[PDB]
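Undergrad: Residue numbers (the entry's author numbering), protein chains in the order written: chain C, 1 to 357; chain D, 1 to 340; chain E, 2 to 367; chain A, 1 to 366; chain B, 1 to 367.
Just so it is clear, CB atoms sit at the ideal spot from N, CA and C, and this is done for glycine as well.
I'd like to ask you about the structure that follows.
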C-alpha cells in the first residue's frame, strides 16, 4: 500500500548514563555525551553548611589587597581556578595485527553558561546604589569577565604569565609557576617564558591568572576564550540551544581521544559583588554545560609495541649515569645520516643561509 | 491566454481566530498564528484600578533590600517571573496500517518586543537627572536586561540556580526550588544541581532569577535568551517585521507539538525606574509578539497499540486501595488453569 | 570597427511628480526621492527666529510632573511621527482582464541627514566644566529612536504607555483616549489589542504612545531601533551605497493601495541641555527616502457585487429608522416563492428548510 | 626538457609619479593612484613656525562658547572643514570619428586613516587625570568623532543643516549657507531645506557642521560616513592593508571621471584635546590615505544632442519676471490656431471657437 | 591485507627548532614555524633582578608629564615601542635556464595575544577602587589599547606622525623623526610628511606614538592593527587556536621573503596600571604568538643576472677620474649610429631621431 513516509532521522540505539557506552554499537555510530562543570573559584564545595562556610560556593572568599609593593600574598580561597573534568570512554579496538586502530574523535560541541538570570538578584545585602542613605538596589555582579572553554583528547597545556613576578602565592593547595619550575619566579615570567609550562590535570588547583591556554606547536585541543576588563563593566551573556561549534581542524579530524579520555576545561567569571562593609569583592562564576558529539575514527597505531620490546631490553640492564650525551652540556658533537647516493658535492659542509656570508 | 498572469502566492483558505483551525484543510496546509505574551513581572493584572494598585501593572512593585546577610525575604510582588501560554491545536489524521501519525510542527517564528518607544517618556515622577535642584528630565528605564523567549511542543524545562541560597522566598504564591524539592536550598543550588529541575507550566509563578532554561539531554523546545548586566546600562532594542527565526534542527524537524499544544514562553526585562523617594527600583517589562508558522508532519508511532490502550485504561480508572490480593497476606486461595 | 559601450539602464525622463503623468510603459522603473523633516514638538509655522526662538527641529522643553498622579506633558514637548503620502498616477483606467495593476515598492535607499551638525559645540548649552562655565557646550546625547516605514497604506500603530495616569492634552495630539473615547486603563501599560490606530496625521501621534503594530497580515515594511539611557553617545552611519529590499517571503513587497505610497519616520538623537534649570530639548534629524517602484499585475480578490454595494453604502447616508431588525423588530412575515404547485388546502401553512428540504408545519392539533 | 612556470600576475608597465600617466597604455590597462588628504580642519598649514602659530596644525584653535542665546560667533579657525583634492588625469579620446568616447572610471578604493597610534601620547600639557594633585596622565584625545570620505568624478554635493540658525558665522574665510543663498539663514535650515545646497570645490572652506553629503537624484560619487557623539567617548580606529572598497554601483559602473578629474573628499575627526587651563578644547584630525584603482570605459558621444535640442529641460530656468503675458493685465492681444485648409470665407476677422463638445463659429457683428 | 585505511593527512617529515629547516624536502613541502614576540613596552629585559628594576618588565617605567607647554621631554623607558624579529630561512633552488628562482611565501598566520587572564590580578598594590578608605579591589589595567601585528618578507615600512612636533625625545636609545631626517620636526610632522619615513630594522627603538605602518604604493607585508582610546576603557581580548589569517593578496601571492628572512612585527598595549603613591600610569603589554605557514613558490627573476654579474666584474676594474664625458659639461660633441644602407640623402647635415616608438627624420628644419 502507498504508505506515508516520514522523513529519515538518525536512529537512537540507547539513551541513559555513562554505562550506555558499554553497548557495542558499530563503526558508524555517533555518541552524544552531556556533562557540566561547576565554577570552582575560591571556596570549595566541601563545607556544605550554609552557616559554617557561609556558602560562598560559586563565589570567592574575599579579595585582600597587598600591604606593600613587595608584600603580596593573596590566599587560595580568593583566586579563581580552572575547572576540568575527564570523561573516560570505553576501549574500542583489539586490532594490533594491522597498524590501524580506532579511537574516539570529538566532532562538535554545544556549550552554554547556565544561570545568567540569577544575576538579576538585586535584593540582598550588597553595597547599595544610593550609598549616602544605604538604599536603592543591591549592586549586581559587574567587573572583569573571563570565559574560556576547551575540549580535547588530552589535558589542556598551560602557559604561565603573571602580573607581578614577586607575588607570594602559597606553596600548598595551589599550583604555581614555582610548583612546576621548582625555583622562584624571574622577570621573564611577566612576559612569555617558554619554561613556565604545565598541564591542566588538577581541578580547582591552577589559578586562571597564572595559567593560560598554551599555543603549542601541534595540539589536540580546541579552546575558545574571551576577556573583558574593567571594574564596573556590565556582564553580557547569550544562551540558546540552536548553535554548535565544529571541532574539526583543517584536515577535518578534530580532537582524538588518546588514552580513551575526553577532557573538558572551563572558567566562567562574571565579575564581582562588593559587600556592605569595607568594599570586599567576591568573584562570581557560573557553571558551563557541554554537549560533545563523538564518532569513531580509524587511525594508525598510537601504541608502539617497540616501546615494550625495548623496555624489556632496558629493564634487564641497570640504569647508568655516565657523561652527558643529552641536553645543553651534550658531549655529542655531530650526527649525520646517509640514505642514498649522490654526485660528489663540492663544499659538503656548505652553509645554506645567506646571513652566514 | 491573452491577458497577463500575476505571480503565484500561497492561497489563503481562511482567516480569523483559533476557531478557523477546525476547518479540515489537507496534508500540505500551512498555519500562521499571531499571539502575544504580556510582561508578568511583579504586580498582577487583577486590581484594574489605577489608584488601588497605583498601577504598576507592567512594572514590579518595589525592591526591598535584605536587612542582614542572613535575612532576605523578597516579597513575591517584587520578583519578575516567566510569562507563558499554551495554544491548543486541533487533532490530526493517522494511518493505523502504516502506524504513522500526523502532528503539528513549528517551522519558523517572527518575534518582537513591543513598546520600546514608550521608554522615551521623560516626564513623570522619577529621580531627576539634576537631583540637587530636582530638575532636568525624569530618568528613563536603565539597568539590567533579560530577553528570553522559547517555542516548543511541550512546556519549557527549567534549571534552578540562585545567588545566596539562604534567601527566604515566600512559601506560597511563587515556585521556589523548595517548592520542587521539599527541602531547603543547599549550597549546590548556587552552582548547578541536577536535582533542581522544573517545568515552566503555570505562568507568572516561576521567578526568572531562580529558573533558567535547562539544556536537557534531548529537547523539543528552541529558546533564545540574552543578558545584559549593570545598574545604568542603556536599553537597546531593535524591532522590524522583516526577519524570521527558523525553528528547524539539524535533521530539519523543529518543535513537534506533544499532546496537541504549542507552548510560548518569554521574559523581557528592560531595566528599572527609580522613584523620587528612597530609591526604590521598580522593574519594567515589555510584551512580546509571536508569529509561529506551523505545518503538519507525518511521524511514526513509537509505541505498541496495546501499550497505549493499557495506559489509557490505567489513567481512566481510579487507583483503588482494596483488600490484599497480592503479597503475603493474599486473600486469593487457589488459581486453576484448564485447556481441554 | 570602434569599441561599443556597455548596456547601462536607459533614463527615459527625469523631473518631478509631473514626470509620473507621461505614460511610460509596462516594464518601466521609477525612482522617487523625498524627505521627511523631524516633527517633534515645535511646529514649523512661526518661521521667525525670535518668536518661537526656532526650536524648529527641536522640542520645546521638558516639564517634569508635579506629583505621582498629576503629569501633563505639554504637546509641544512630545516628539511625534512624521509621515507623507506620495500620490501616484492611476494605471488601469482604460480596462482590465480580471487582473488589475498597481504600484509596488521593491527597494528603498534611506538615510538620516545632518549628523555632522551635531558637532556644533559652541553655543549656549550646559558647559562641560560646570564650575567655571567653561569648556565645551555639551553636545546632543541621550536616548535615540530611529524608525522608518515604507508601505502601501498608513502605518498601523499599537498604543502602549509608561504611565496610564498621564494627562495628555485633549486637543492637538492623538492619544489612546482620542481613539478609544474612554480613559486609559492599566492594560494600556502592557498591551491592549483595543488601543490601535493608523498613522493618519503628521506631527500628531507621539512616539512614546504609538508603536508600529505587528498585525496579522501587512502591506508595510518597518525597521526601527531604540537606544536608551541619559548620556549615551549618538551613533549614525550614512552612505550612498546601501539599499533595503522591500520584497517579502513571496517576493512582492508593498502594493500601493489606491495609488498612495506612505513614508513614516522618526529619528531622535538625544537632548540638548540648556544653561539654565537643566531644561532638555529633543533633537531630531531629517530622513531622506529613495523608493524604487514598478508596476505589478494583481488579481482582484473581491466580487463585483461587493464593490458596488460598498460604493452605494458610502454614497448613501446611514439611516436610523425604525427597528426592522432585532427583538423589537417590526417585520411581521417574510415569504419566498420560487416555483409552482397545486393549490394547498391550508392557505397559511408554514414551510421552512430545516436542513435539506422544506417541511410544512401543521399547527399543534393532533 | 622543461622548466617551471610562475603563476600569472598583472604586468606592471610603469611606476612613478603623476607624470607616469603620460605613457599611452591601451584600452585594457589599469591605473592605481596613491594619494593622501591632510586634516585641514581648524588652523591652516601656512605659518610653519612652531611658535608663531603654536603649531596647532592638525589641530583646531580653542573652541569659544557663545556669550548668550543670541550672540554666537564661532571664530573660523575653530571650525573643522572638509578636505578635498582633485587629480587631473590625462585626456583619453583623440579620435572624433565614431560615436564612442572614453572616460576614466574609479573601480575600487583602499583607504586608511593613518596616525592613530599618535593618540597614545599621554605625556604633555593637557588636563591631567588626577586633576586635584595635577598628576596622572595627560588626558588623551576623546569626544565626538566624524569620519567621512568620498570618491567621485565630480565635487561632492553638499546639504546645509545647522544646530542653530542664528549662529553668526564670519562672512569671509568660510563658505556658510548665507554665502550661497545671499540671505540670512531661516528656521528651515535646522531641518532639511532643499535650497541650502553647494558643491565641495574649495578646500579648508566648507565647515563639517554646516555641510553634509547630499543624497541627490542621480550621483557620481561614493561617500561613506559615520558619526560618534559624546564628550568622553573613546576613539576607535582599525587600520589594515588587506581590505578594499568596491566603488561599482548596482549597474556596475562606479564614478566616471568627467573632465578627467578625480575628486577625493574626507574629514576624520578624532575628538578633543583639553588644555591645562580653562577647559579649552581643540579638535584633532588625522590624515587619510587613498588608493584608487581606475580603468577606462567606452561611453557614448553626448555632443550630437546639441543644446538647442537638449533645451532648458533641467533647472536652467533663470526666472519668469517680465511684462505680464497672463492674468487680467495680460499683454497678449490674440491667439489663433490653424490646422487644415478650407475655402476662403467671407469676413476675414470672423471669430471661431469650440464649445463644450465641438466647433461653432461665433455669430457676426449685428 | 584487508584492514581499514585511515584518512590521508599531511605527512610530517620532521619537527624541532630552526635547525629542522636544513633538510632539503621538495617543491610541494610546507613549513609551519611557531614563534613569539615579547612586549617592548618601556623597561628592557636585561636588568633581570626583581629589585634592581622593580621588574617593570612587560610594563613601562612611569609616565612623567610635561612641565610646561613648550618643554616636553619623555624618558625612553616610558615609550612603548615596536617588537620585531627576523627569521632567516634557508636558501632555495634557482634555474638560470629560464631565470626563475623559488622563494619562501607566507600563506597563513595564526596569531594570538597571550596572558589576558593575568589581568584578573586585582589583589596587589594599585590605586584601590574605594580611595577614601583605601579598600576594595586594586584597579585592574585599563585605558588606551593598541594592537598591531605584521607579517612580511621585508622590514615594515613606517611613517612618522606626532601629536606635538615640539617634543624633546632623547637623541640616543630611541629612533625618532629627527634621527631619520637630521633636522628637527616641523608642523608637517603633526599631520603627514612624506619625508618622515623609516623601516623597522631595530627592536625596542621605534616608539609606537611616532611610527605608524605606512601604506606605501607597494608592500610585501600584511599588517593588521586597531586602536581603542580613552582613560578607563576596559580591555577586551579574544583568544582561540582555531582562527587563521590568509596572507595572500588579490593575485593570490602573499608575502615573499626576499633575503630568505621573514619579519614579524607587533605591539599589544592593554592599558595602564595606576600606582598608589600618585597616579603613575605604567603601560602594560602582552606577548604575541605567531604561527606562520610557508610554502615555496617559483618566481621570475626581476633583474637579469647578466647585468648584475657585469656590474660585479666591472667594479673589479680600476675606476678612473678623467675629463668629463658625462653630464652637462660633456666633452662629447657627437654620437651617430649607422645600421644599414640607404640611397644617398639630400641634406648631408641631416638629423634623424627616435621618438618613443620609432625613427623619425628631424622635422624639415626650415620651420
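Leaving out the 5 sequence neighbours to the left and right, which residues in its chain are closer than 8 angstroms to residue 75 of chain E when beta-carbon positions are compared?
TA: Closer than 8 angstroms at Cβ, skipping near neighbours: 61, 62, 64, 170.
Undergrad: Which chain A residues are close to residue 100 of chain B, counting only those with a beta carbon under 9 angstroms from its beta carbon?
TA: Those are 3, 4, 5, 6, listed as they occur along chain A.
Undergrad: Pull up the distance between the alpha-carbon of residue 85 of chain D and that of residue 37 of chain D, whole angstroms please.
TA: Cα-Cα distance, rounded: 7 angstroms.
Undergrad: Nearest chain A C-beta to residue 236 of chain B closer than 9 angstroms, yes or no?
TA: By this cut-off, residue 236 of chain B is not an interface position.
Undergrad: Mind listing the chain C neighbours of residue 36 of chain B? Cutoff is C-beta to C-beta under 7 angstroms, in chain order.
TA: Simply 192.
Undergrad: Output yes or no for whether 9 angstroms exceeds the beta carbon distance between residue 89 of chain B and residue 261 of chain B.
TA: For residue 89 of chain B and residue 261 of chain B, yes; Cβs fall inside 9 angstroms.
Undergrad: Closest Cβ-Cβ distance between residue 320 of chain B and chain C: below 9 angstroms?
TA: Closer than 9 angstroms: no.
Undergrad: Consider the Cβ of residue 224 of chain E: report whether some Cβ of chain D lies at a distance smaller than 9 angstroms.
TA: Residue 224 of chain E counts as touching chain D.
Undergrad: What does DSSP give as the partner residue(s) for residue 207 of chain C in the beta ladder?
TA: DSSP lists C:81 as partners of residue 207 of chain C.
Undergrad: Using a Cβ-Cβ cut-off of less than 9 angstroms, list which residues of the stretch 127-153 of chain A approach chain B; keep chain order.
TA: Of all residues in the stretch 127-153 of chain A, 128, 129, 130, 133, 134, 135, 136, 137, 138, 139, 140, 141, 142 have a Cβ within less than 9 angstroms of some Cβ in chain B.
Undergrad: When we look at the beta-carbon of residue 166 of chain B and count the other beta-carbons within 10 Å, is it buried (16 or more) or exposed?
TA: Looking at its Cβ environment, which holds 16 or more other Cβ atoms inside 10 Å, residue 166 of chain B is buried.
Undergrad: For residue 150 of chain B, count neighbouring C-beta atoms within 10 Å of its own C-beta (all shown protein chains included) and say buried if the count is 16 or more, exposed if not.
TA: Classification of residue 150 of chain B: buried, given that the 10 Å Cβ count is 16 or more.
Undergrad: Given this structure, state the Cα-to-Cα distance separating residue 83 of chain A from residue 286 of chain A, to the nearest angstrom.
TA: C-alpha separation (whole angstroms): 11 angstroms.
Undergrad: Output yes or no for whether 9 angstroms exceeds the beta carbon distance between residue 235 of chain E and residue 146 of chain A.
TA: Against a cut-off of 9 angstroms, the Cβ pair of residue 146 of chain A and residue 235 of chain E comes out as no contact.
Undergrad: Just to make sure I have the definition right: I need the residues of chain A whose C-beta is within less than 7 angstroms of the C-beta of residue 209 of chain B. Which are they?
TA: Here the neighbours are 117, 118, 120, 121.
Undergrad: Counting only C-beta atoms, is residue 26 of chain B closer than 9 angstroms to chain A at any point?
TA: Chain A contact via Cβ: absent.
Undergrad: When we look at the beta-carbon of residue 3 of chain C and count the other beta-carbons within 10 Å, is it buried (16 or more) or exposed?
TA: Residue 3 of chain C should be labelled exposed.
Undergrad: Exposed or buried, what is residue 305 of chain D when buried is set at 16 or more other beta-carbons lying within 10 Å of its beta-carbon?
TA: Exposed, since its Cβ has fewer than 16 Cβ neighbours within 10 Å.
Undergrad: Can you tell which of A:291, A:346, A:283, A:323 has the C-alpha that lies nearest to the C-alpha of residue 57 of chain A?
TA: Ranking the options by Cα distance to residue 57 of chain A, first place goes to A:283.
Undergrad: Could you confirm whether any beta carbon from chain E is found closer than 9 angstroms to the beta carbon of residue 232 of chain D?
TA: Answer yes: the Cβ-Cβ gap between residue 232 of chain D and chain E drops below 9 angstroms somewhere.
Undergrad: Short of 8 angstroms in beta carbon distance, which residues of its chain neighbour residue 191 of chain E, apart from the five on each side in sequence? Order them along the chain.
TA: Hits under 8 angstroms: 161.
Undergrad: Apply the 10 Å Cβ neighbour rule to residue 239 of chain A and answer buried if 16 or more other Cβ atoms are within range, or exposed otherwise.
TA: Buried, by the Cβ-count rule.
Undergrad: Taking the beta carbon of residue 302 of chain B as the centre, do at least 16 other beta carbons fall within 10 Å, making it buried, or is it exposed?
TA: Classification for residue 302 of chain B: exposed.
Undergrad: According to DSSP, is residue 301 of chain E helix, strand or coil?
TA: Coil at residue 301 of chain E, not helix or strand.
Undergrad: Check whether the stretch 105-112 of chain B and the stretch 177-190 of chain B are in contact - that is, three or more C-beta pairs closer than 8 angstroms.
TA: Counting Cβ pairs under 8 angstroms, fewer than three are found: no touch.
Undergrad: Would residue 212 of chain B and residue 267 of chain A be called neighbours here (beta carbons separated by less than 9 angstroms)?
TA: Contact flag unset, no.
Undergrad: Quick check: what's the CA-CA separation for residue 59 of chain C versus residue 220 of chain C?
TA: Each residue's Cα considered, the two are about 31 angstroms apart.
Undergrad: Do you know whose CA, among A:27, A:12, A:31, lies nearest residue 21 of chain A's CA?
TA: Checked all of A:27, A:12, A:31; the closest Cα to residue 21 of chain A is A:31.
Undergrad: When the cut-off is 9 angstroms and only beta carbons count, does residue 29 of chain B lie next to chain C?
TA: No, residue 29 of chain B does not count as interfacial toward chain C.
Undergrad: So what's residue 179 of chain E in DSSP terms, helix, strand or just coil?
TA: Of the three classes helix, strand and coil, the one that applies to residue 179 of chain E here is helix, per DSSP.
Undergrad: Taking a contact to mean a Cβ-Cβ separation below 9 angstroms, would you say residue 290 of chain D touches residue 66 of chain E in this structure?
TA: In this structure, residue 66 of chain E does not lie closer than 9 angstroms to residue 290 of chain D by Cβ.
Undergrad: Sort out for me which residues DSSP pairs residue 213 of chain A with in a bridge.
TA: DSSP output for residue 213 of chain A lists A:158 as bridge partner(s).
Undergrad: Under 9 angstroms between C-beta atoms, does residue 167 of chain A make it to chain E?
TA: So yes, residue 167 of chain A belongs to the interface.
Undergrad: Along the stretch 50-73 of chain B, what residues have a CB closer than 7 angstroms to any CB found in chain A?
TA: Of all residues in the stretch 50-73 of chain B, 63, 64, 65, 66, 68, 69, 72 have a Cβ within less than 7 angstroms of some Cβ in chain A.
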